[PDB]
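Okay, so here's the structure we're looking at.
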Amino acid sequence: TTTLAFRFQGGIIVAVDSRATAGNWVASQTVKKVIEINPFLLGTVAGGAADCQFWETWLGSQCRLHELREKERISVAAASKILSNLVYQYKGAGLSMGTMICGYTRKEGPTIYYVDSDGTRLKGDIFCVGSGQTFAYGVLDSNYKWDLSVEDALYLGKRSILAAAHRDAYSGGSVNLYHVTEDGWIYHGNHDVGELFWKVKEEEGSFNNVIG
Amino acid sequence: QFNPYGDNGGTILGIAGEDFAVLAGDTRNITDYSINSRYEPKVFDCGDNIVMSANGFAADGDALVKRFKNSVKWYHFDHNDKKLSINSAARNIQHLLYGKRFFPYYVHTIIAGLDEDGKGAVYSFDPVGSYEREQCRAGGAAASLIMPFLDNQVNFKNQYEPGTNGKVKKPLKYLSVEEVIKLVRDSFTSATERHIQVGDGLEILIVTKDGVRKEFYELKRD
Amino acid sequence: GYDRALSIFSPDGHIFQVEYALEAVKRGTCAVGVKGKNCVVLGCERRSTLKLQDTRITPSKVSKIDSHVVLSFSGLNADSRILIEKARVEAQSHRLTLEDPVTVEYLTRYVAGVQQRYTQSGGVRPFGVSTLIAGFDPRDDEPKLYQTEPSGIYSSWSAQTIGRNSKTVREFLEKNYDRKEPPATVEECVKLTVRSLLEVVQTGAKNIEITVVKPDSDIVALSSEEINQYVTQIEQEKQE
Amino acid sequence: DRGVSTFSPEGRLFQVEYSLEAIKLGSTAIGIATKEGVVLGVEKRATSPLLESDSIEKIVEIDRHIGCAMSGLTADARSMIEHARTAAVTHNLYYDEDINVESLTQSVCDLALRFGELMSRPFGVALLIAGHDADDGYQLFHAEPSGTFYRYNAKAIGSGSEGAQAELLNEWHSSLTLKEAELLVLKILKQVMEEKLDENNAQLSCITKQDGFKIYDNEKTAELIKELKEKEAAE
Amino acid sequence: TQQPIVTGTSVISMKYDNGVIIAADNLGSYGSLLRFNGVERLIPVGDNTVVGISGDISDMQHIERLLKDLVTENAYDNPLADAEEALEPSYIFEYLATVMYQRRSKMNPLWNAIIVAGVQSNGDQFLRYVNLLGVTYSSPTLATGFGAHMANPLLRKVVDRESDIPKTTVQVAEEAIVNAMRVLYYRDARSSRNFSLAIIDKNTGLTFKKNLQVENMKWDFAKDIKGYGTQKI
Amino acid sequence: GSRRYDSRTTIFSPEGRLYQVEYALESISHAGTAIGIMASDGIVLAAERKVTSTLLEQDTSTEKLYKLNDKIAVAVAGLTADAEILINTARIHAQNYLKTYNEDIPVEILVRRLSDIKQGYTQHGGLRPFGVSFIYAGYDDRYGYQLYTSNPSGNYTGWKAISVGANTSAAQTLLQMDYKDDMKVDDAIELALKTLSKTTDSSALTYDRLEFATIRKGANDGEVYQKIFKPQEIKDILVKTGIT
Amino acid sequence: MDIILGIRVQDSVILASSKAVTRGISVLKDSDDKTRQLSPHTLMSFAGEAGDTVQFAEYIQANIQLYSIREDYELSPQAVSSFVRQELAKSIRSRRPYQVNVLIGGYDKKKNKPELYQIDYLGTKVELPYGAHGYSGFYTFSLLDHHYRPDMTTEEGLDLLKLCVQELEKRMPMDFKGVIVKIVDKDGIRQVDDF
Amino acid sequence: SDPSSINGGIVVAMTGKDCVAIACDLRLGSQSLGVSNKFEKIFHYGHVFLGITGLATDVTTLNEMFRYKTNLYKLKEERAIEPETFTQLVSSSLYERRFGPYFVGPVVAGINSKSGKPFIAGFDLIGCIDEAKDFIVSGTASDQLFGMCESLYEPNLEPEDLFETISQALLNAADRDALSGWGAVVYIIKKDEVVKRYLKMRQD
Amino acid sequence: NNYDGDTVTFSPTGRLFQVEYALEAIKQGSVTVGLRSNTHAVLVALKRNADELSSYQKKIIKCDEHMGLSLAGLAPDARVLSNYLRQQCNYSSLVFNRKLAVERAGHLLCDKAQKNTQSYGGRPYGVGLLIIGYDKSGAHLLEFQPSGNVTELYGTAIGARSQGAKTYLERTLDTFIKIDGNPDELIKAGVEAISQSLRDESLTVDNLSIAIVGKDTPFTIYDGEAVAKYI
Ligand SMILES: [Mg+2]
Ligand SMILES: [Mg+2]
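Which chain is which? The protein sequence lines are B, H, R, V, P, C, E, X and S, in order. Each residue of the first sequence is one higher than the one before, starting from 24 at the first, in the working numbering. Each residue of the second sequence is one higher than the one before, starting from 7 at the first, in the working numbering. Each residue of the third sequence is one higher than the one before, starting from 542 at the first, in the working numbering. Each residue of the fourth sequence is one higher than the one before, starting from -12 at the first, in the working numbering. Each residue of the fifth sequence is one higher than the one before, starting from 75 at the first, in the working numbering. Each residue of the sixth sequence is one higher than the one before, starting from 20 at the first, in the working numbering. Each residue of the seventh sequence is one higher than the one before, starting from -17 at the first, in the working numbering. Each residue of the eighth sequence is one higher than the one before, starting from 79 at the first, in the working numbering. Each residue of the ninth sequence is one higher than the one before, starting from 3 at the first, in the working numbering.
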């Protein structure tokens, strides 16, 4: 798995791979690792697929009940803390979760919270989680700026997953892109790594080690 | 020490067509190197034009199928005989499975049917309830033998159009119900040859707008 | 446990225990709430039947629920403490989980929810208490003033009074308070609050308590001399 | 004294019959169902001119496709609304779909008779639950504290109910538009209200398939009141 | 979680044209000690069902009491208790299957393998298996423990599939069962010569045979076998 | 069933009063008078034992004045047995607070706790309230010397001088007449005894009919001493003040 | 988390806490503030197992804030430290103990004295002139033993603290990404934004 | 790992002629690391003195607990608790945690106010009372203390002689234990006066 | 009089007035008819409306594929009892792979209603039920009273003016019992029976509610234009 999310001028970019493995066996290449909590909030899945799916879907139900009661959009801080407090109750039981709760509100602006099944909860600007996180971090750290355009930021997130997809044996399949704005998230398509790699190699001139 | 889990072998296969869906599964039931039964139905009609199979540990498989069938019944009582849609059934199954998160149903569950637009649908579940709509999914013992073949013959992976040499992919043309059944039968024939836990018989359930139809085929009994 | 249904409907559709709880509020000392343009003022009556009192340590009528919200009341004093305690715990609980202090409306809705719960729970009687909850929402400069009562209903008010002779001071406020132009300054708002209490209080000595709440957790209670200056100015203008 | 769950000689539950008397004292709430949507409207009835009328919340959202109006001891409704919202959201979580308006109403009505010596008395409030689903389309239900709910084409509850219901008897037909229904609620509210009807002491709302449940602005309602006056003066 | 103490070995069974046959030896072993030689492990329920049980004997006795209690309970407020509303093999099995699975799910199993053999109201043959894990399956031939490894192969030579059942008579089926019991006596170190056999026929009803013995055994060839390789004397 | 015999102790009257609280207050009005007077350099607790006998062992007896901790004491008016139940609960709360914060419990926090317990009995549980009114005399480093009172309703208030029990109307007027803010302990001792001497229903006020106590900073340097007066010491102060 | 230091000088308490948050193989954050304000003149820094640290700190914070409102009064640092110790002492014999070590730096407004309390996850409280948790003391205490004086100024305390951090940066294998320093005095709590 | 030897420290108590003495070191540590040189292990409730070695959190917890209990005792009994009674209280309190005990080695010392009789007692972590006439030892250098006390002790020592004996017993024992030392305190207790002396010793 | 304050109190003549008052609620309820032959069993129910705008209150509830009932009285109580029946039918199917006998279903309802008559605090159920079903002993019709009394019958009726329909069935007994293998004719007899209990009002399309169960017929309810055939 490789999942990333980073804050920038134009909001948040969320990018994930699509591979699911059981040991060496590739169970699926078409897995959705972005949970659409609601039209304004996104969550990434790493670690336990069920644990992330179930509890973030559940989180969406809590966010809905909040804004029905309070007649107001739930904050990313509050949403993330509902999840972190939940998993903390289950601490020790064996839940496996590494997720970025991503959102864009008026009072907070674009916000990303790393939430962990150990109970960790961290606000930050850039996060990478999964077996291929170190590869994605390298591309991000070297190329990241706050004043990135929405076009370039989307590419950077795509290219960083590709870097991990290539090197990490347990990452790949395809890249899912999302762009989170104040008015909601916008899906930016599924991108097969196989086709993307040759496309990027040629156009960018990178991956000279690989014969194409 | 008492081990509450066991492996009953078997292999299942769900394929979603354009306006149909098939869920196939061998009829062999085993423990270790012994055959319990050469014909023990594994794929079930659960009503509301939904078919289901919970492959792996047969006791948990049977328990889950029983509980889901029961869920369909109580969905009708509580909601004015409303038809349970395949997507709703899928979410309901997630909650059944995750309900035993810390003592899981040791099964790989697959359901098949038609979505609310009439198109073919297959849903795949892990033992603890993570699920996804899929076009093609083999489950169980010989899943690793079948899925690569399906990637190649259903989705035309790694296949390119002659003359272009790797520049133009083979187009993803729609398969008919007769064409899918051929691939299902050849998948199980091949799995029977190379996997010891697969054999005896193949039972296929075909779901269309007209209803649920069954087809049975012999497999090698060695 | 004790499960007896004390609050129940009568043939005419009334819940007498809730209505008798209001009679306890009617007996309580008068409390008044007036919101200006950039402040809210909570006035409270202190009956002068009790002298030789120690005003340092005696429970004050207005209570802070959080650094930005206050609660005054009329009715049973012992009952009020239970609502105040619950409200203060819920205020910290909200900050802990939502990472943001309560809105005045939310806190009101909670206290009103507690009061309601006691009107249809077995083995309990309703609170003989009506509350005036006032303050400013976090990062907001709009004044808030709410009222609750034993039945559990709550609502927002431009100005409101509760307790004994509240009919009289409400009569005063209804003719003296203008919605189109409320008390623009702290002085004007406090003055109108003191004036409204002087219709009922008797003597303007130690019988009137005033608490001023402003935006951004700015709450202060006026002293005897500060209030006495308002009492002096009001009556001197009245002699004409 | 006497049991809370006691039957009268006529065969009725005393406490349920008495709670119905409390609802008669409550402010008027009217609902009208049409093929273009369901309209809900209420009398606010502020006890004083200093009470900020916009804080009076007698029309409430349960889900995007279900709204709710109340009449009677409105404090009692808060736990009923909470349950309803939870039931609607919970069903969506279990089944990945909207919940049927009838099923929601049935879930609310199950609470009603859970009283004895559970809560100490029945609810002192009636609800008009309006909504839409794909199976039965636009629907309006009347949920009582007896645990019974009736579906209605149109229904009025509260103090001016029997007078308003007689008016709804004559006025309602199966080909009503949404705009016609909006005015009809305002017309009948104005008739049964003690004080003169305006945008501050009365509220409108509706539920449509496209836009879902919406509480009307005071500016929007004010235009519909002005439109009503002119069409009544027109003949 | 426990360990079985006093145990019973193979239960074997098969379908024939008009009904089912089931058999099991009369031994209650205590590890390698052949402790109890008079243990009945076939327990009839009514006149249409026989439940064969292997594994832990204390749990068998508990199950035996549950079935006895089931018959009593069925007769309560039931005028048709000996007619239309009598206990069916399918009712008895489903009850046990439920219990077995519930018990394994509480991590406290009834340490048994059970075969319910009977004939239904409509004359249909019933034969189904359930064990300590709650695993269930049906087949023309069913066997527990060693029977699964040695009896099934022999019984499957008679009824290899569903279509062979109407072709198999009760005499052929009983012969195959009796031979299988002999084979198990030769080869299962925790078996005994004495056994019980039950036939449930749709026409002639339940025939319960006690005190049967393995006979026509081949041992004479043993005299010629000498040493373990090179030894001649 | 049981409903038939239920007095319903926790209900409102049509006028909005709590029947049982009001009747408990009537009970307390027949109890021996207790007086608390707060001075600048200490607090005085004086109380009258109810129609005693000559055979009562006075020196080992205690019905009015009790010790909650080294800093806080109470004067009781009402059912002695009820008071002791509450007193032991108060003693425990003080110790729980001390164990938690490693500091002596502030007087008001203790008073609020007890007063909240009394309140609970009026709102839920269906039991009769405690027929007890306390005068709390205590000291802490925040507010210094403090006098409080609580009654069966659970309502408590702070005082400079206060009475509970019998003839509180007469007693409170006499205290309101002769009390001043700059008063001292020795003067307060005299006022307390003079007030009881006038309001008493007995023919004369004697040492055997009294309990007496003082909370003084009159202890060696910055600390507080509780003094529960002995029978001989009460007899001496009665002669000193010129009552006997 | 890793390193948390504390030093009580003449008229204030200084708490230094590392900024790194590591997760196995990667450093996820290099700007983490491992502290919470319990009351206007009481600050608590913390280090221990992930999740437990913040969950505990915020739970304490809420409780002290609740007490501040109820009594309209700020608890003394000694009182707060005793409350915190009891919670940890209660915690150690629980089903799942809080794995959290804390330093409580406060200024007592009554006594006009700074106070530093060190409490480990077992509930082992000690009042100290300077303190640390984990391996931090092993590198720093020899420097603090040598240079510390009870009459040090705040500026001198910060210099001694820099020397301690430098020794940590030299001899520790782990990169803790520097420290956030905060000062607690009569005027309240403030952060030294350049260190 | 072993809770009774994480923090370290020792207590010793002796009887003399019309007097008792109780003494302790001042070290608190985290195994090898010295953490505090002011951690006193001797407390008192009225005229009854209690030393507690072992796990420091429990030392603190039990002191707070016995303060709690002796304070309620005094309010109800209207008199200060005696050593013999307190000893039984300590025993009861420890044993009620039989299957989850405080990891401590308590030592009671004091003089009975009515009889004037010198009294000392020791306990294991679970409440078993050791009522010795001569001396009681406890802590990580209990073996060393046993050796020192057994040779140095003689009965009916005067207060100022007893001081020397218990001081030398503690000091020389603590110098042979890595987890004890860093200062020491000695209480000399007579019927109506108590002298507390801090000893000078090597600081490692 | 003095002995009707609760269900736990016998009168001097040995009567339970609270149960009798609960019985009275059934008489106030709308009429519903039950009848059966040897092959089929039929429920016919006159649904009641609040007014012309309101819907017609549903009277018939399905318990299983082979069993269901019609109600008369407090509808919420019928929901509780029907729900309990659904569970018991479902318990029998799941645990014993066995359809619940109609007679045994009646025994369960009796015992559930009984507990409410003997204990303090609770109240009797305020509804009467007519249970039809087809099990292993053919067709069945039961009449449930909230006193606890359950009665197996060929035909019956409960509700307001039910005596007229009950007399008709008593005359027609020998005719309708013989209607075997003909569901339409059996329903006709039920519709003709319930017609004897009508005054002023008549059977309209949204007024009538019919349900049937039989040999090769699962329990199915007919409402709306489905019952226009029988008007
Ligand atoms: Mg083979
Ligand atoms: Mg420490």
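Heads up, the beta-carbon is just placed ideally off N, CA and C, and yes, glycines get one too.
| message | When you compare the CB of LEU115/V with every CB in chain B, is at least one pair closer than 8 Å? | response | With a threshold of 8 Å between beta carbons, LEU115/V makes no contact with chain B.
| task | Specify, as a first and last residue, the run of the beta strand (DSSP E) that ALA28/B falls within. | result | DSSP places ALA28/B inside the beta strand (DSSP E), whose first and last residues are 26 to 31.
| field | Residues of the region 136 to 161 of chain X with Cβ closer than 7 Å to any Cβ of chain C, in chain order | value | Under the 7 Å Cβ criterion, the region 136 to 161 of chain X contributes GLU142, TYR146, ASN149, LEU150, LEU153.
| query | Which residues in chain B sit within 8 Å of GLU138/H, going by Cβ to Cβ distance? | reply | Chain order gives the chain B residues near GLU138/H as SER51, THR53, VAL54, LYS55, where near means a beta carbon separation below 8 Å.
| query | Which one of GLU564/R, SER765/R, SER699/R, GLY616/R has the shortest CA to CA distance from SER35/V? | reply | Closest option to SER35/V, Cα to Cα, is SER699/R.
| Between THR122/E and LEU(-13)/E, is the Cβ-Cβ spacing less than 8 Å? | Contact: yes.
| task | Work out the CA separation of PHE131/H and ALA43/B for me, nearest whole Å. | result | The alpha-carbon atoms of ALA43/B and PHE131/H are separated by roughly 13 Å.
| message | Below 8 Å on the Cβ atoms is my contact criterion, and I expect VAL190/P with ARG202/P to pass it. Report the Cβ-Cβ distance as a whole number of Å. | response | Rounded, the Cβ-Cβ distance is 6 Å, consistent with contact.
| Would DSSP call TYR224/S helix, strand or coil? | DSSP places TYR224/S in strand when its eight states are reduced to three.
| request: Just the C-alpha distance for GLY221/P and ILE86/P, rounded to the nearest angstrom, thanks. | output: Going from the Cα of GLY221/P to the Cα of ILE86/P covers about 6 Å.
| request: Mind listing, in chain order, the continuous alpha helix (DSSP H) runs of no fewer than 4 residues lying wholly within the region 86 to 159 of chain V? | output: The region 86 to 159 of chain V contains these whole alpha helix (DSSP H) runs: 88 to 99, 148 to 158.
| field | Other residues of its chain near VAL29/V: CB distance less than 6 Å, five sequence neighbours each side excluded | value | Shown here for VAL29/V: same chain residues with a beta carbon closer than 6 Å to its own, the five before and five after excluded, namely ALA16, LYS45, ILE46, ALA56, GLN190 in chain order.
| field | 9 Å Cβ cut-off: residues of chain R touching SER146/V | value | Neighbourhood of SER146/V in chain R, by CB distance below 9 Å: empty, with the nearest CB roughly 11 Å away.
| Would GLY219/P pass as a contact of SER128/P if the rule is Cβ separation under 8 Å? | Cβ distance < 8 Å, so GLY219/P and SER128/P count as in contact.
| field | Residues in the region 171 to 186 of chain C having any Cβ partner in chain R nearer than 8 Å | value | So the list reads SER172, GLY173, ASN174, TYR175, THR176, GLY177, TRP178, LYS179, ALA180, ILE181, given in the order they occur along the chain.
| query | Which partner residues does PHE127/X have in the DSSP bridge list? | reply | DSSP, once it has assigned bridges, lists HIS122/X, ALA187/X as partnering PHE127/X.
| task | Determine the DSSP secondary structure at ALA32/E, reduced to helix, strand or coil. | result | For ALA32/E, the three-state secondary structure derived from DSSP is coil.
| Of all Cβ atoms in chain C, is any one closer than 8 Å to the Cβ of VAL21/S? | So, not an interface residue.
| Touching by the beta-carbon criterion (3+ pairs, under 8 Å), the region 89 to 108 of chain H and the region 71 to 84 of chain V | The region 89 to 108 of chain H is in contact with the region 71 to 84 of chain V.
| field | Cβ pair count under 8 Å reaching 3, the region 74 to 81 of chain C against the region 136 to 151 of chain C | value | Verdict: no, contact absent.
| message | Checking 8 Å against the spacing of the C-beta atoms, do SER94/V and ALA71/V come in under that value? | response | Yes.
| message | Closer than 7 Å to a non-hydrogen atom of ligand 2 - does that hold for the CB of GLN68/E? | response | Look at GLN68/E: its beta carbon is at least 7 Å from all of the heavy atoms in ligand 2.
| request: Measure the alpha-carbon distance for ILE549/R versus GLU34/C and round it to whole angstroms. | output: If you draw a straight line from the Cα of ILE549/R to the Cα of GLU34/C, it comes to about 18 Å.
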